[PDB]
Every structure is written in C-alpha cells, then in structure tokens.
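One chain comes next, on its own, written as structure tokens: the form deposited in one PDB entry.
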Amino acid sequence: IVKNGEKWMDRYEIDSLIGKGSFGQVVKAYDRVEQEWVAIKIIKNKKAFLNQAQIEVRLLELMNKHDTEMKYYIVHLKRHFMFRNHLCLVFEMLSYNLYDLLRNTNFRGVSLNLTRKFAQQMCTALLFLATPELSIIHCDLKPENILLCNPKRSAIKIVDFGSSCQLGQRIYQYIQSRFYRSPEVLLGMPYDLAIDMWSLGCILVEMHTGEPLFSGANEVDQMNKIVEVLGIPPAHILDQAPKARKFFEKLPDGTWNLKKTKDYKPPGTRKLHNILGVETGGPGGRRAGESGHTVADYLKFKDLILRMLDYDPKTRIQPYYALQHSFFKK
C-alpha cells in the first residue's frame, strides 16, 4: 500500500515493509527531525482495528509516564498520528525476534545461559507491567513478540500491546496465542496478570529445547498436552470454570478426570525433568558436558518453570519473586 520512497508530512521517508499482522503493517522509515530510523506501525483503516490500536496507544503512553525505571524492556512508543485515516504508531527500531532466533538454531534451542538472560529481562518487564497504577496484562506473549534490541547483543524488548488490557478492563474471553494460553483462559475464567507468567514459562522451555512446550492443534488438544505434563488441574479451580466440561468430567466424590476422546501419555507422566533432560545432558542430550549445563543448573531452571506453570493463578510465582529465584543467583 506504500511505495519504498514515499514522504509523509515533510518528516518520514518510507523505506520498506518489516512486519505485518491482523492490525496492518510495520514499515521502516527515516525521521528527518530526530535524524534516525524508526518503525511505523500502520493500523488498517477499519473501525475494529483503529479502536483496538487506540487502546494500545493509551497503554503505551501510560507506561511512558512511569519513568521511575524497570520500563526499559518494553518497546518505546515515540509518538502517534493519523495519516490517510490510518492510526500510525512510531517506535524505535529493534532487530529480529526470538522465533527467528530459534529458527536460526534449526529449532535446537539456545543455551541455558542465554535463556537465563532472556528470563531475567522478561521477569523485569512483567514486574514493571504489574506496578499497581499500570496493572497491564500483555495477553499475547510468545517468541515472535520479543525482539532483540541489536543483532550483536542479548538485550530484548516486548512488542505488540494490541491484545493488552488493564486489570478490570477485559474485553475478550478468548485471548493469548494457543501454545502460550494459560489454563484459566482455556477454562473461560476471569484472568489477571498471571496469564503472562504462564506464557513466559512456556516461552523459556521453548527457547532452550527449540520446540513449543504445549503445541495444541485446538483448545481440547492444548489442555490435553498441558495435562500430560502437569496432571489434572485442582478441583477448586475446575469447580469455578465455565469451560471445565470442554475438557474434564466430575465424578461422585468431587473428583475430575479427562474427558476421553477416540484414540496422550497419562496425566502428569510427561515429566518436565525429561523434556529438559536434567540428568541426561539437556534437550536430546545435546548439552552433554557443556559448561553452565550441570544437573544443579538444570534443577534451578526446572524449579522456576514449575513455579511459572502453577495451575493456580493466585499461587503462580509473581515477577518480583521470580527475580529472587536461585536460577538467577551467581
């Protein structure tokens, strides 16, 4: 829709398309005033996309005014304008995304040491979004929405607040990308910032193994793959879940079981300790005898992930406490 030389408002010179999504397009452009390259998110000229992007602008401007630190793992919105009836959001330029990074490993994963560096930045971002006066739920964390700041370095920023909402400003029941969708959302329950911690746990396993932890083809398959690793969810959760009976069945003594389909490993027997290869040289044994990949290192990582993948969103580890975990201690 935009030529690779087009000039906007005697300020921006469009170079190239660097991204696209349901929302519209992302272009690289030169800002003559700041004398720098910028990324311009161009929203489709349709009401549905405009209105949701106006929420995204509001949440990014809310973050910008909380300049008392920990805000620097979120992509910086520089400004926004209307042009040709497109809402346009101007960001700093970043580099390539963590899915691209995994693709580049041939989906064999990055080291525990680089996974730790990503985990510490993402926990810090989630600590910032949990600041009471922000209380922002990202709602679509996944490798594609985490970008390197610089192709030479391991700094990252989160992008895409297109699904995001403040606590108590929920619009959609059906949210998150399926692989990274929290049990509370699959179960149709009111959700809070804990869904992002669930996503992050899924993401960190994937960054190290090269493969998604829970690759469901649909919601029923998604919940079944979660149950393979983590077992049947606690009764107290299932007793409150509008969609419990999408996946489970309640028995005489207040117990729940999987709804069985026509012919999964039995509940809780696909152990994260074997996905990670804690005692077997890491994922597919590919880290056998590499530095920083000892059994003790792996056990700390496994402990932290199992805290991120708590079924109970009330007891699931929170960002501050994740940052104090021994996985991050030198």
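Here, rigid core means the biggest group of C-alpha atoms that superpose within 1.5 Å across both forms. Only residues modelled in both forms are compared. Residue positions are given as counts along the sequence shown, with the first one as 1.
Keep in mind the form deposited in another entry is missing from the figure; the text below concerns it.
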query: After the core is overlaid between this form and the one not shown, has the C-alpha of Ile171 moved by 2 angstroms or more?
result: yes
task: Note yes or no: does the Cα of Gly231 move by 2 Å or more between this form and the one not shown after the core is superposed?
output: no
query: Honestly, after the rigid core fit, is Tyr72 moving at least 2 Å at Cα between this form and the one not shown?
result: yes
message: Can you confirm the direction of the Cα distance change for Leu167 and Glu69 in the other entry, closer or farther than in this form, given it is 3 Å or more?
response: farther
task: Using the form shown as baseline, tell whether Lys71 and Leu167 are closer or farther in Cα-Cα distance in the other entry, where the change reaches 3 Å or more.
output: farther
query: Considering only residues present in both forms, which runs of at least 3 consecutive residues have all C-alphas displaced by 2 Å or more between this form and the one not shown after core superposition?
result: 67 to 72, 169 to 171, 251 to 254
